[PDB]
Structure formats: structure tokens, C-alpha cells
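Chemist:
Protein chains: 6
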Amino acid sequence: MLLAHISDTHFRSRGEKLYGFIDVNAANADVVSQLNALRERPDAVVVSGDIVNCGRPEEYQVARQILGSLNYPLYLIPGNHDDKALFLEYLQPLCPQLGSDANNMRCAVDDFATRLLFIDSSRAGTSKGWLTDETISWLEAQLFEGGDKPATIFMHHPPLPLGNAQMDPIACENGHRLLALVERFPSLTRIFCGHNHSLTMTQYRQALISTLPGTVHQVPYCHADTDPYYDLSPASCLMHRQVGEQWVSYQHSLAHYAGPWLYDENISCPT
Amino acid sequence: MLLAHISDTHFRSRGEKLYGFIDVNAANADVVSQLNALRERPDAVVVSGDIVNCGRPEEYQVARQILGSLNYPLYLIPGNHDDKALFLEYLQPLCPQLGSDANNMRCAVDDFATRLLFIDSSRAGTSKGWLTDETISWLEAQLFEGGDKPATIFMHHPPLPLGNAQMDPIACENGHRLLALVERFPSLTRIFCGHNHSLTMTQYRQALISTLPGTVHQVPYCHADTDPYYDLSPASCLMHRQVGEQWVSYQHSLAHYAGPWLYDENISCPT
Amino acid sequence: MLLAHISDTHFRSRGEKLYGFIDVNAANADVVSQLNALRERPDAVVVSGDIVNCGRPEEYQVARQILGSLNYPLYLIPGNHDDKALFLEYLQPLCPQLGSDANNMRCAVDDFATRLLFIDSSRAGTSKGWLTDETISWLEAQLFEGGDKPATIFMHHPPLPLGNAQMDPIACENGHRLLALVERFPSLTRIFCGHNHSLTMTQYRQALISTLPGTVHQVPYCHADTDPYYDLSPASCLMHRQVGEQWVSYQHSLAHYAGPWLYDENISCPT
Amino acid sequence: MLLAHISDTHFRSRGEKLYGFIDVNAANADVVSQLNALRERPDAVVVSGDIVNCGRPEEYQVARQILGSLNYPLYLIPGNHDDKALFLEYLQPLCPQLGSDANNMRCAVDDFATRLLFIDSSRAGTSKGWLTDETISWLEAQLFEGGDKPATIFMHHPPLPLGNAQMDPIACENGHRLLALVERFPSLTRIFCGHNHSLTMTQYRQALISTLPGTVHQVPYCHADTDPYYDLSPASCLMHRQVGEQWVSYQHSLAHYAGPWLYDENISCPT
Amino acid sequence: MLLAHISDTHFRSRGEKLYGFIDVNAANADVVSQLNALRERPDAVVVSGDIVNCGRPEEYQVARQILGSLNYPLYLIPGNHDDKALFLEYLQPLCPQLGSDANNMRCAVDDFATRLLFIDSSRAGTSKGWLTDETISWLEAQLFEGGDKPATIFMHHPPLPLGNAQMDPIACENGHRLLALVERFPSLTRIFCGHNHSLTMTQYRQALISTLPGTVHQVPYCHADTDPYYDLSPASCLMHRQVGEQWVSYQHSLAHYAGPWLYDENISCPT
Amino acid sequence: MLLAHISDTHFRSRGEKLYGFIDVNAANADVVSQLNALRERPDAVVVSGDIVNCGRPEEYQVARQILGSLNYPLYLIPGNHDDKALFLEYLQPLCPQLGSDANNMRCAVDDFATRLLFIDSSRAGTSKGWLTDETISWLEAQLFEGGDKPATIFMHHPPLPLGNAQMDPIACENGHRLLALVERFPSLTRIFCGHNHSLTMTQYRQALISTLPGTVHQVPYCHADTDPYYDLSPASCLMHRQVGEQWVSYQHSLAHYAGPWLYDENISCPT
Ligand SMILES: [Fe+2]
Ligand SMILES: [Fe+2]
Ligand SMILES: [Fe+2]
Ligand SMILES: [Fe+2]
Ligand SMILES: [Fe+2]
Ligand SMILES: [Fe+2]
Ligand SMILES: [Fe+2]
Ligand SMILES: [Fe+2]
Ligand SMILES: [Fe+2]
Ligand SMILES: [Fe+2]
Ligand SMILES: [Fe+2]
Ligand SMILES: [Fe+2]
């Protein structure tokens, strides 16, 4: 298993830039061509929500074209910036396993050594996350019927506060219900989240829980300041690889930077 | 608890650049000034090994001046590029708890809600890591006395293969020794490493294990290509913060980038 | 009093770039988000003319949306690139004090310790400036009835030649009539101008007279060369602050640059 | 008269960088070459203080070589970072009119239509400025003999508070002494300063008073924040040109930017 | 004779970027303004094919506007990305000598000391080049009836393999027929080509044969790898100047770079 | 045969920059590492003169270390900035075939299908080139013994005027001597030169004659302007490859740029 995992693409409609000046559509089309150009090709690409910025049909048209140009199977989940009905109408053809009920988009993948569970934590009318009664139950069904095979969950909202003053009030409001599932099920060992536009990681019991950077704009972690900052610090994604018994995640920079060169002992320490 | 955690500084002697073209001394001095300019000021700065590039006295003179200019208590450990004896002669005044014995540099910090354990995985005459039995028994004694109080370990070399074709052969060669300790002690919940010049994370039982990006040059993760690449992709550090009973790690970019701006709902979705 | 003062925005219509390659709309939307992100917030933003590039309705639509997203009261005046009727139709809702006569857009503001006078020096069918009979008179009425309270004028065109070979032939043609007002009225102590896309300043009697940089593209000052140059040297704006008896103007860079860091005596002069 | 006016060079010793990361010596050498490459060649170059950063002999050796490579007559004055004795030993051969006495460095230039007065506001043992009575009486005598011929003064420290929270406490402490002279002498019409690393301008009676940007690092203007910030925002200098009876100052960017191109009406507004 | 020679503009339609992220329309409009800003003005501009990316009418509309804003006579030829009929419909007004038969676009220019021959090597339905029976014959007529006057050919496709693994299979398939003409006609001494997006040159008999960089994106030369790479390495064009008996071609960079400065002996080698 | 061909390195002494601001030593060390990192590895590296900037021993110490770190056989020739005696003392161990006599440095290489002839056009006491009669008769003997086997010559100075107003007066002063040899020997088909810091190519009979870009700073081609300009436009080198019976030269960018990506027909022309 090799997965490329990007998040928080925030597509805008065809003539438009995010906030009027951040060319998210171009930045995302660059990211897509970077992923298709990889020498070590992923089995699938994951996009953990906030696919469009305004939940508008014209943004979904752009998202469909650009994400549809990925030469990889896609696993797509919504964030609070998404519209459920439009997300399903436009993007389900790119991720058929979502289903055809816009209120219950979920899928389990077990092509790999680790089971993958994709859920919708987005809630209409709020920036906060919510795990529906039926999502919590289906999650518990996957883990209860899943025996000893490890599981990883992909969801938009972090299921616990991370001390981030901007982002904590809008984490998954009943995320403690998912933490109850990690306490009860030793097989649940990874939870990967968007939302935060930041690489921030913690462990709860046997589960490593991490948010991802966005593909374009980032949000800095502030502990005290609640001012709603964003910046254009370097974008990146996470590669997830199965290495024997170990699920390893490594950061793959999506910036354009000098290099690489080759290490040489004589050049490193001249005499 | 707030910690700033950098590694793999690779200081050169005064007037030299890494490989003749990477100005590591300037770049690290920029980093030191970034860390002194932080609004949310850390309680301490950790530097997780490969402080100098060639283990030369004149490189340690530069490291001592530049790291000595941090306005914080420092916790310093060696990497394979370090020389144990010179590291102690030059850097022990910056980190008095290392001690008087270059072959047994390690210390425990009990100031915070999680205990911090700093160890030396570097071995003279090789790039590979090695955990001596005296390090392992010191760790056993620390973890046993510690009881239910959580513990994090800082070491240069990752204690398990991460699937990185360049870095795996030179990981901690007897890392099983540390893995056996995480199995023994449910208290041991973080291991943070340098060496890989890359943010790559994994979980072994209750322990999150992560390598850090370098402060200057990075090394890309390749699974099958063995070429010793390095590049100048974006540098960062990890901030470690105790948030309730959660240890949270977030990436803090060391690059100079545009922003921040403030999010505004009218600018986000114009009508 | 704190005023942010930008000039020469040169908005283009929605799909378009200035000269086909300079993204003025994005550059201006960045500038707008920079102004809304200021820690020390201005009481008002001034835009001293050339708001659009071609005097076209579709450019005014863009200008209205982007300038309308400023979270500040606005004082807007036209330049030679503007159309009076369209400027009034589209932008008067953002600056109601202009009036409803497109040929006589003028306003006095005296919320502050210094009176502010905003005038239209633009003339239909020419790049040169002209002060209408009625503008000169209204200006003299403000100063004559204004007693000892200092006054500052904002106008698009400089009221005197500055030795700039490109820009002098197209300064305010009867600007000497305004200089007659500074000779006669000691209270008139500031005249700020756009047009030149350059910070150039001089004093005439008690009046400091200055042109501003543009928000996007600049024009270099040449004394001999009349070739119509523009470049993309760094953009900036002027902040105007009342500091006791003193009106002080400082340049605020609108570029994205490294920093800031904090000055430290030990780092400045190492021993 | 054409003058190029730079300041706050902050030269370091050979092989050192400011704060360990700002290559001031390279950046100033770039500036010197930019000034030698000017198409409209100045009659002289003014450098308004803080020539070196630490007042060290080896910094003056660098300053002497780099400033000595300007293909122009120089007028040099000290700032607080300078050492008076060493400044005279090293730099007087570049500016012979300073004299033989390190405590009374000043000179008048009568080559041009406006007389130029260069003075020393630096005081040993402090960052604050000080105008000695011998400086004030020399100025009185210069301004009295000068009669109706306009005069500009060059000094390191601004003679009044500008509202800059970082810079105000270290302005010219007894600047009232100079303000009293502008009240006395209607002839005194410009005062140009370094120290603030910022273009900030004001008017006191008939005098325009301006501080200049630095050639390398800048300091942002904060009204309420006291933190000693510096950044690497765009560097520039001021060109001073006599234009008829107008002294005009224009900003000349020292950055490397795209352009220039030529304005073309068809490209400006396509049909 | 001075000719500016650009190639492989790859215009997209008005809202669009190449591959979604490369702004070819803006990059080309910058290139056009660079050419109109030249101090040493060419007699004509040559564009050696791939004018548009998709052979679509809306791309030709953009090409017509941007290339039409060049203040120079134009010689335009198609590449494999062009549509013959649309190329003629939209661009023949900019290069009337093409004719009015879209299948036989060719022209000879002999205003200069060297005859210029412009041909269409593009073939409907393939990326490969083909010289039509009638093109080969007309070429031979020009050279046979042209006596001792030197000739240069401009064509899109290289008439011989260059060892480039990506580009060789799609060179001019019967290019050996043109090589037969260089063997037979000593007056044919230059063949300049697009297609390769790379400066690559060789000689065959008395003929120098060269491909050009693109104005925007480039393709790297690989000898073994057939992966279809493109990158954004620096763009440039070729200037062609007649210097006595010599046709000289020099590379003119279209990037924005620091400089120029003036060489000075004392600065070059300090003492 | 694959050759990497760089020139005009202009190495400075340790800790110095060219003109005080161009870090030639770092930039060339970057280049050396780029050449060691090549996927298609050259058989040898040619450096065509102006190895050092001032002909100083300490510059040759830097050149020896940095060029000595190339993992390839080197062919080195001097330029006018070189000192013949010091060039031989320091660089002959890197290029043993130069010999023992500083006044007659030259060699022939017969390893490849085309013979390579390396000569010294530098003349003590001038910038101009000079071909000694002993060089010419050595060349005659080489070309006569060589018979039908093609030959390329590497020399620092171009053997004919290229119309470059800065560079023509300091070309090879007696270059007619070499032109006479191309007339004599149809076998002599390439002459490659440094000196001009520019890719400029021409053809004389069966010979392609080209100057190369520098590895760091470039010089623009001006036909009428005599000012000694240099800039920091993009650096490159030439790769020389034998492809069947064709010698092909391609430009290899030494800049750090975005890419590569892979071409995809759906992304190229979306529907
Ligand atoms: Fe988001
Ligand atoms: Fe979100
Ligand atoms: Fe390292
Ligand atoms: Fe290491
Ligand atoms: Fe304007
Ligand atoms: Fe204007
Ligand atoms: Fe200063
Ligand atoms: Fe100062
Ligand atoms: Fe092409
Ligand atoms: Fe093509
Ligand atoms: Fe050279
Ligand atoms: Fe040379």
C-alpha cells in the first residue's frame, strides 16, 4: 500500500481566485500533475475534505475536472466548506463507493493490509464537526466485525481538541464518541484529518491522530490568539505506506525547491 | 510545556558552506533568530543530533556561538556526524545535564507533566545507530521509577525501519532494544528522532515515533531508489505542547513565506 | 488619526490582466487583505485615483467588489484613467461624500485634528491634470473659512513639475493656482498625489508635497529619458498618522518579505 | 545637483554576516555596483550614518574597501553604531572634509544651489542622538553667513519624535535644538536622517524632515508595539535632485525586480 | 538584419492555463512587451510554430491579440499543435505572405543579405513532421534559382534525429529529403526549428541546424528516458543578426533576473 | 561520447565574492554537485577558461578543491583571467595532459569518434586572444595526421567577431589563423569558446563556432552599447553528445526551476 493524501483543496469557480488573490485552481492543478509525475506511484489518492470553498456548483465543476485528471483511484470525503448534495452529484462518479445518499457518505476499503474507513464529519449549517448516530454505529460495526486487521479512519474534522485556538472550537463536537471507539478497539490505530491546514499529530492509546497541511494555503497553530489567520507557508501532502507491520506516513513537499543533489563524502568533509 | 524541537543543524566551520554551497551557518542563525522572535515562547529548545557536519573543533565553535545565542535552556544530543568528546567539551556548558562522560551522555528532565529522556544513539566509526546496554538499563530504571507518569524519548536515530531506502540501512541497528521497552512500559508514549531529515511518523503500540525535518537541507523518502539524495525543500521544526493530557506536536515552518492574512467571510465567498 | 493611503490600483475587468501579464486584480486583492489584517488599524483608507485602467464598467465592477471588501471607510478620488460618470455610478456608494455630480466630486473631512480635502484633478480627454474654476474656489473657501486648523489635500495629479521626464508633461497643468493657495494659506501643509507611481517628495513654503507608489506596477523617475517605462519594483503605501502637532507619513511595504526577527545585542555584536 | 543618499550600511567584518545571517557586506557591495551603474550619474553619494555595526576596526576595513569602490565623491557621517575615532581613522581619506577632530566631524558643501550641511548626532555610550552646543553654534554661523541660499542638513538621528514606538526613545534627545534653528532660519528647508531604517517624512515650518530606508535590513514602524523588530523588506535609497528652485527627493529601489517594459496604449486597453 | 525568434508559445483560450497551472497567455504577453521594449529593435519577429496548444479557435483569438500587439512585422509558421485552416483564418492577417491555401503556407523573404524561407512541416493527425512533395520542390526552386545568396530555413520540426528520446520519434519523418538539399546546395547554411523546447544545435555539411527553447515551458533532453517531461526552466529566445558575412545567433533570456551592473577593474580584483 | 562543458567559473579566494556580492565559489560548488548528480553521466567535463578571476594562487586553491571534487576526468584550458604558470602548478594534477610547459599548454584526446583539441588562446598582459605559431603548427600537424576523422577545438576566445560591442574588441585578435585552418581542413567541424558569457553561435564553412554561457554571471550581447555590463541571468552549460555521425550540443540549465511534470493529453486539452 502506497497512498498519496492531500486535503483542503478549496477549489473556486473557473474565473476565480481564493480571497481574490490565491490561485487555488492553478496550485491544485500543479499538485495534480506532481502526483501523476511521481516515480513511485500511489495505489490511490485521498482528499480529506474542504474540496471546494463555497459549496457552489461551479467550484465542483472545476474540482471534477482537476481531481478527475488524477491518474489514480480517488477516495474523497467532504468538509464543512462542501455541500453534501453537490459533492455527491459532482464527485461520486470519481469515488463511486460513497453511495447515493448524500447524508450517509461512507466507505470501507480492504484491498490492503490495513482497513481504510472514510467518513463524513461535516454538518450542514456549521463549521463544527459532528459524527451522526449512523456514522458512529457503522464505524463500530467495521471495527467489531473486523477482527485483528488494523484500521485507519479518514475524516475531515479532528476528533479531539489540539490546543489550536482558531481550530479547536470547530473540531468534531462529539469526537469523544470516536475516542470511545479507540479505547474499545485495539485494531483502530490511525485517524487522519483535514480541517486544520497544518501538520499536527498526537496519540490516544494505540491510535496516532494527525491533521494534514492544505494543498495551498495553511493555518498557523496559535495557542492563545483567536484571530483567523491563514498564510502561504509551504504546502505538502502525506504519503502513507505499509512497511511490513508498520503504517508509515511521510511528508511529501509540494513546493518547487532546489535539488536534489547527491551526497559525496569528499564534498561533505573536505581535507 | 512548550518545546521547540530542531535537528540536523550540520554546522560548518566559520567561512565554510555545506558541500561548498549550502550556507548552513547562516540558515541556522536565521532559525535561532526565528526561535527568539516567537510570540508563544517555548520553555526550552531541543536539538536532536548532527549538530556539526564533520565532528571538527572549529564547527563546534560555530555551533557553540550560534546555539548559545538562543534565549532558552537547551537540550542537546549527538548524531553520527558528531564527535562525542568534542560535543561534550564545547556543548556541555550549553546543556550541563549531559555530564562529564562523553560515552554516557544522557539526562532526564522532570520539570513537566511528561518526563523527557535524552539519549545518545550515535556510535563511533559508523553512520548506524546503537543503543548500548548502559543506555537501555538507564532507560529501564527511569521508566520503572517514573511509574504512571508519561515519558518521551529524544534520540538521533529512529529505532525501526521506516521503508526509506537511503535511511533504513543506517537507522538504529539494534532498535529492537527500544521497541522492547515500549512493549514493557505503557508509560513510554513518544520517541522523537533526527537523522532522516524528513517528517516521517509511525506508531508502535502506545508510542508515536517520529523523525524530524532538518533545519536546512532535507532528504527525500524513496522506497526503491538507493541514491544518497538531499535537497533544499522547505525546512521546519516541531513544536511540542502539553495540552491537557495530550502531548501535541505541530509543524512550525522555518521558511519565509507570504502572510498571514485574516479570514473574512465576504472575501471568502463573494456574492 | 491613522490613514492607509494607496494609489493607482488600475483594476482590469474580471478575466483580464494589465498589459496581459500583470495580475493587478489579484495584487490589489492581496493589498486589501493586507490592510484588513493590520494590527494597528487605520480609521480610513484613501485611494488617490487611477482606480481602473480603461474607464470601463467591467473594471469598475471589479474595483467595487475588491475595494468594497475593505473593512474601513473609504475616500476615493479619480485619476486620468478613470471615467467620471462611471466612477460616480460604481464607487459613490463606497464614498457617499463625493456627491452626485460627476463633474464636481470633492469632499472635506474634519473628523480629525487636520482637515482632509479630496479633489478631482482628472480632465476628460487628456492625461494632464486640471483644477476646475469651481475646484480652485472651493479649495480657497475651505482654507479661508478653516482658520488655523491644518489642512491636507489629496489629488491625483502633482501640482508642480518634479523633473520627471515621463510624468512632468502630464502633471496638473494649472497646478500653479494651487501653489498660489499654499503661498496665501499657512494652514495648507500637505498635498499628496498619485499619478507618478513613485515616492517623490518636495516642499513648497510650509507644504510638503508628495507623490505615492502604485499598489502594483511602478514608474521609475528619469530626468532625461522620455520612454514610457513601467516596472514591477516593490509596491507600498503610505500610512499617515497624527502625532501631536505633527502629521507623519511612513512607507508601509506591500511586498512579501522575510521577517521580522528581534534585535538582540549579543547576536548583533558577538564576542 | 544630483545626490544618491544611502544610510545604515551596518558593515560587518570580512567573513561575518549581520546577526549571523544577513549578508550586509554582499548586499552593500551589490548597492555600490548599482550606484556605479546608474545612467543618470550622481555628483556625489551621501551615507547618513551607522556605517559599521559594532564600531570595530575590521568592520571599517570592509567599509573602506566597499565604499572606496564607489566612483563618486562621498559625504560620510557617523551614527550610534559607529565609533568616532575609528570612523575618522578609516573613512576620513574617503571624506577629507570631516577633518582631523573625531569629536567635531562636520562640513559644509557650497558647490550646489542649495548648501549641504553634514553633522554628527552620535553620542558615545548611547543609542540616542545628541547635538552638542559646538554643533549648534557652527550651524548658526553657517545659516547666518548663508543668507537667502537654501540649506539642507544631513544627520543620523531624527530631531523630533515620529511616533515610532521602537525608534522614538532613541531619536535625537535634544532635537529641539535643531527645531529652534528651523524657526530661526527660513533658509533651512530639508533635514534628512538615517537611524529609523524606514522612509518616514514630516514637515516642521518650511522644513521637510525625512528618515531614510537602510541599504539592507529595515525596521517597521509600530506605534504601540515596543519589540525591537527588523525585517528584510525591500531596500532603497533616496535620490536628491535640484529641479529649478525645487529640491526633489525620489525613492530609488535597490531591489532586483522584473522590468522595465514600455507602455503601449493598445496593450493597455485592448479592443 | 536583426530578427527576434521565439517558438512554441502554446497559447490557451482566454480563461485558461496550460495544464491548468502554467499561465502561458500571461508569460507570452510579458515576452511580447519585452520584445517591444528592446533598445536594439529587430526588423521582424519569427514564431516557429506550436502557436496554440489545442488547435482551438478561442486559442487563436488570444494568439491574434497578443502576437498582434507586437510592434514588428511577423513571420509565423505552424507546428503539430496548430490547426492549418484556423491558423490561416486567424493569423494570416498578421503574416499575409503565408498565402490563402492552408495546405501550402510558405514564403520567401529577401529584404536581407540572407534569404529567409518559412515552411510548414506540420501534418494533420500526427505529432511527426512531414515535408510535402510541393514543399520539398518549392524549397529546391528557391535554392536552385537563388544563386550564391545564403539561405536560412525556418520550420517547426527538426529535419534529423538529435538523440533526444522524447523528441526524435516525432521529428520530421522525411527530413532526410531536406538534408539532401543541404548536400546539393552550398548556399543553404541555417535551419532553425521549434518543436524540441530546447536549445540543441548540430552541423550537417555547411548547415548549422538548431532547435529553440520555448517562450514558456521547456523539455529536457534525455537520451534514454522516454517519459514525456516538461519543466519551467528559464525561457529565452534567439536573436539572429547579420554581421558582415556571418549570420550570428545569440540567446536572449526572457527571464527576470538581477542586473546588469558595470564591470570595474578595482572591484573585480581588490588589493 | 558525452561531455559536460562549462566555462568562466571565475573562482575567487576562500571567503571572497566576485565584485563583493556574487558568490561564485558557492555557485560553482552547486554546479559541481549538479554535474555529479546527473542521471546520464558524462565521460568528461570540459572547462573552457577563466577558471579564476584574478590569477591569484589562493583562487587556484579554491578552483583545485571545487573542480577536484567532480567525479569525472577533466579537460581544462586557461582564459585571460588566468595566470599560465599558476594554472599549471595547481590544475595540471587535475588535467595531466596539459604538460609541464605553461607557455605551450594543449592536448589532443583520441578516445572518442571525434578528436578533441584543447588549446590556450590566452596571452599575458591583455584581455585579447592570441594564437601563437606553435599552437597553429601543432594544430596543422593534428589535423593532417587525423585525416577524415572529425575534430573539435576547445579554446577560450572566439576566433572571429560576433558583433558583440563589448566582446568583439577582446576576441581572439589573430583568429584569422584558425579560420584559415577550417578552410584547409574539412575535418575541423566544431570550435567551442568561453569568454563571451553568452550562448552565441555561427558557422564558418563546415565549422559550427559557439561561445558558452558562464556558470555564474552572464554578459548580455549589445551591438551598439559599449558599457561593460554583466548580469545574473540564468546560468547553463552545454552537453556534447556523439549521436551517430552527428555531434549534437544541447543546453543544460544550471538554474533551480519548477518541474519536471509529465505531459498528459487529457490535461493538455480538456473537453
Ligand atoms: Fe479547509
Ligand atoms: Fe474545514
Ligand atoms: Fe543529519
Ligand atoms: Fe545523522
Ligand atoms: Fe496611474
Ligand atoms: Fe494617472
Ligand atoms: Fe542603523
Ligand atoms: Fe542608528
Ligand atoms: Fe511545442
Ligand atoms: Fe511541436
Ligand atoms: Fe570570463
Ligand atoms: Fe575571458
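Protein chains in written order, with the authors' numbering: chain B, 1 to 271; chain C, 1 to 271; chain B', 1 to 271; chain C', 1 to 271; chain B'', 1 to 271; chain C'', 1 to 271. A prime marks a further copy of an entry chain.
Quick reminder that beta carbons are idealized off the backbone N, C-alpha and C, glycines included.
At a CB-CB cut-off below 8 Å, which residues of chain B make contact with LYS17 of chain B''?
Modeler: Here residue 17 of chain B'' refers to the residue found at position 17 of the fifth sequence. Those are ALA26, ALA29, listed as they occur along chain B.
Chemist: Closer than 5 Å between the C-beta and any heavy atom of ligand 7: which residues qualify, listed along the chain?
Modeler: Having a Cβ closer than 5 Å to some heavy atom of ligand 7 are C':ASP8, C':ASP50.
Chemist: Looking at C-beta atoms only, is the number of pairs between the segment 237-249 of chain C and the segment 101-117 of chain C that lie closer than 8 Å three or more?
Modeler: The segment 237-249 of chain C, when compared against the segment 101-117 of chain C, does touch it at the 8 Å Cβ threshold.
Chemist: With 16 other CB atoms within 10 Å as the buried threshold, where does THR271 of chain C' fall?
Modeler: One-based indexing of the fourth sequence puts residue 271 of chain C' at position 271. That one is exposed.
Chemist: In terms of residues, what are the limits of the alpha helix (DSSP H) holding residue 272 of chain B''?
Modeler: Since the first residue shown for chain B'' is 1 and the last is 271, residue 272 of chain B'' is missing from the structure and cannot be characterised.
Chemist: What is the DSSP secondary structure of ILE51 of chain C'', reduced to helix, strand or coil?
Modeler: Mapped onto the sixth sequence, residue 51 of chain C'' falls at position 51. Looking at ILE51 of chain C'' - three-state DSSP - the assignment turns out to be coil, as it is neither helix nor strand.
Chemist: Give me the Cα-Cα distance between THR202 of chain B and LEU160 of chain B, rounded to the nearest whole angstrom.
Modeler: To locate residue 202 of chain B, count along the first sequence from 1; it is residue 202. To locate residue 160 of chain B, count along the first sequence from 1; it is residue 160. Straight-line Cα distance between these residues: approximately 10 Å.
Chemist: With a cut-off of 8 Å on the beta carbons, I'd call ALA63 of chain C and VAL46 of chain C a contact; round off their distance for me.
Modeler: Taking the first residue of the second sequence as 1, we reach residue 63 of chain C at position 63. Taking the first residue of the second sequence as 1, we reach residue 46 of chain C at position 46. That pair is no contact at about 15 Å.
Chemist: Quick one, which residues of the segment 197-230 of chain B'' are near chain B if we go by CB-CB under 7 Å, in chain order?
Modeler: Within the segment 197-230 of chain B'', no residue has a Cβ that lies closer than 7 Å to any Cβ of chain B.
Chemist: Determine the burial state of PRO169 of chain B'': buried for a count of at least 16 other Cβ atoms within 10 Å of its Cβ, exposed for fewer.
Modeler: The residue given as residue 169 of chain B'' occupies position 169 in the fifth sequence. Exposed, by the Cβ-count rule.
Chemist: State buried or exposed for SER121 of chain C, treating a residue as buried only when at least 16 other CB atoms are found within 10 Å of its CB.
Modeler: Position 121 of the second sequence, counted from the start, is the residue given in the question as residue 121 of chain C. Buried: at least 16 other Cβ atoms inside 10 Å.
Chemist: Quick one: residues in its chain with C-beta nearer than 7 Å to the C-beta of residue 274 of chain B'', no 5 flanking neighbours on either side, listed in chain order?
Modeler: With chain B'' covering 1 to 271 only, the question about residue 274 of chain B'' has no answer from this structure.
Chemist: For a contact defined as C-beta to C-beta under 7 Å, what are the partners of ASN36 of chain C'' on chain B?
Modeler: Sequence index remark: in the sixth sequence, residue 36 of chain C'' carries index 36 (1-based). Those within 7 Å of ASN36 of chain C'' in chain B are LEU262, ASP264.
Chemist: If you check the beta carbons only, do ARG41 of chain B'' and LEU70 of chain B'' fall under 9 Å apart?
Modeler: Residue mapping note: residue 41 of chain B'' aligns to position 41 of the fifth sequence, counting from 1. Residue mapping note: residue 70 of chain B'' aligns to position 70 of the fifth sequence, counting from 1. In this structure, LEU70 of chain B'' does not lie closer than 9 Å to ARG41 of chain B'' by Cβ.
Chemist: What residue range is occupied by the uninterrupted alpha helix (DSSP H) comprising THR135 of chain B'?
Modeler: Locating residue 135 of chain B' in the third sequence gives position 135, counting from the first residue. That run of the alpha helix (DSSP H) goes 133-144.
Chemist: Mind checking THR126 of chain C': buried by the 16 CB within 10 Å criterion, or exposed?
Modeler: Here residue 126 of chain C' is taken as the residue at index 126 of the fourth sequence, counted from 1. Exposed.
Chemist: Does ligand 10 have a heavy atom nearer than 8 Å to the CB of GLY79 of chain B''?
Modeler: Residue 79 of chain B'' sits at position 79 when you count from the first residue of the fifth sequence. Because some heavy atom of ligand 10 lies under 8 Å away, the Cβ of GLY79 of chain B'' counts as near it: yes.
Chemist: Kindly confirm or deny that the segment 7-25 of chain C' and the segment 207-224 of chain C' touch, where touching means at least three C-beta pairs closer than 8 Å.
Modeler: Contact between the segment 7-25 of chain C' and the segment 207-224 of chain C' is present, because at least three Cβ pairs lie under 8 Å.
Chemist: When the Cα atoms are used, what is the spatial distance from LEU94 of chain B' to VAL32 of chain B'?
Modeler: For this step, residue 94 of chain B' is matched to residue 94 along the third sequence. For this step, residue 32 of chain B' is matched to residue 32 along the third sequence. Using only the alpha carbons, I get a separation of about 15 Å.
Chemist: If the criterion is Cβ atoms closer than 9 Å, does the pair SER236 of chain C and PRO220 of chain C meet it?
Modeler: To locate residue 236 of chain C, count along the second sequence from 1; it is residue 236. To locate residue 220 of chain C, count along the second sequence from 1; it is residue 220. No.
Chemist: Under 9 Å between beta-carbons, which chain B residues line up against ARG106 of chain B'? List them in chain order, please.
Modeler: If you number the third sequence from 1, residue 106 of chain B' lands on position 106. The premise fails here: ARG106 of chain B' is roughly 30 Å from chain B at the closest Cβ pair, so nothing lies under 9 Å.
Chemist: So if I threshold CB-CB distances at 8 Å, which residues from the segment 63-89 of chain C' count as touching chain B''?
Modeler: Answer in chain order: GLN65, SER69, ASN71.
Chemist: Using a Cβ-Cβ cutoff of less than 7 Å, which residues in the same chain neighbour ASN174 of chain B' once the five nearest sequence positions on both sides are dropped?
Modeler: As a first step, residue 174 of chain B' is located in the third sequence; it is residue number 174 there, counting from the start. So the list reads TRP130, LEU131, once near-sequence residues are dropped.
Chemist: Any heavy atom of ligand 12 closer than 8 Å to the CB of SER210 of chain B''?
Modeler: Residue numbering aside, residue 210 of chain B'' sits at position 210 when the fifth sequence is read from its first letter. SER210 of chain B'' Cβ: outside cutoff for every heavy atom of ligand 12.
Chemist: Compute the beta-carbon to beta-carbon distance between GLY79 of chain C and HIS156 of chain C, rounded to the nearest angstrom, for a pair I have assumed lies under 8 Å.
Modeler: Here residue 79 of chain C corresponds to residue number 79 of the second sequence, with the count starting at 1. Here residue 156 of chain C corresponds to residue number 156 of the second sequence, with the count starting at 1. Right, the Cβ-Cβ distance comes to about 4 Å (below 8 Å), so this counts as a contact.
Chemist: Under 9 Å, Cβ to Cβ, is there at least one residue of chain C' near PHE21 of chain C''?
Modeler: One-based indexing of the sixth sequence puts residue 21 of chain C'' at position 21. True, the Cβ-Cβ gap to chain C' drops below 9 Å.
Chemist: Measuring only the C-alpha atoms, how far is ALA124 of chain C'' from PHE21 of chain C''?
Modeler: Within the sixth sequence, the letter at position 124 stands for residue 124 of chain C''. Within the sixth sequence, the letter at position 21 stands for residue 21 of chain C''. Near 27 Å, if we compare the C-alpha coordinates of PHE21 of chain C'' and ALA124 of chain C''.
Chemist: Just the C-alpha distance for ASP133 of chain B'' and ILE119 of chain B'', rounded to the nearest angstrom, thanks.
Modeler: Sequence index remark: in the fifth sequence, residue 133 of chain B'' carries index 133 (1-based). Sequence index remark: in the fifth sequence, residue 119 of chain B'' carries index 119 (1-based). Computed Cα separation, rounded: 12 Å.
Chemist: Closer than 9 Å, CB to CB, is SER236 of chain B' near chain B or not?
Modeler: Counting from 1 along the third sequence, the entry for residue 236 of chain B' is found at position 236. Chain B, which has no Cβ nearer than 9 Å to the Cβ of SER236 of chain B', makes this no.
Chemist: Please look up how many angstroms separate the CB atoms of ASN196 of chain C'' and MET167 of chain C'', rounded, as I've assumed it's under 8 Å.
Modeler: What you label residue 196 of chain C'' is simply residue 196 of the sixth sequence in a count that begins at 1. What you label residue 167 of chain C'' is simply residue 167 of the sixth sequence in a count that begins at 1. That pair is a contact at about 5 Å.
Chemist: Who are the near neighbours of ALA207 of chain C'' in its chain, counting only those whose CB is closer than 7 Å to its CB and skipping five residues on each side?
Modeler: Residue 207 of chain C'' sits at position 207 when you count from the first residue of the sixth sequence. Within the same chain, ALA207 of chain C'' has close Cβ partners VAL182, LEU188, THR189, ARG190, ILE191.
Chemist: If we require 4 or more residues per run, which alpha helix (DSSP H) segments fall completely within the segment 231-257 of chain C'?
Modeler: Within the segment 231-257 of chain C', no complete alpha helix (DSSP H) run reaches 4 residues.
Chemist: Measure how close the beta-carbons of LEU254 of chain B' and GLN34 of chain B' come, nearest whole angstrom, since I'm counting them as under 8 Å.
Modeler: Position 254 of the third sequence, counted from the first residue, corresponds to residue 254 of chain B'. Position 34 of the third sequence, counted from the first residue, corresponds to residue 34 of chain B'. Confirmed, about 6 Å.
Chemist: Look up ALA4 of chain C' in the DSSP assignment and say whether it is helix, strand or coil.
Modeler: On the fourth sequence, position 4 is the one that residue 4 of chain C' refers to. In the structure shown, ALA4 of chain C' sits in a strand (DSSP, three-state: E or B).
Chemist: Whole angstroms are fine: how far does the CA of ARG205 of chain C sit from the CA of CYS107 of chain C?
Modeler: Along the second sequence, read from residue 1 onward, the residue named residue 107 of chain C stands at position 107. Along the second sequence, read from residue 1 onward, the residue named residue 205 of chain C stands at position 205. If I take the Cα positions, the gap works out to 24 Å.
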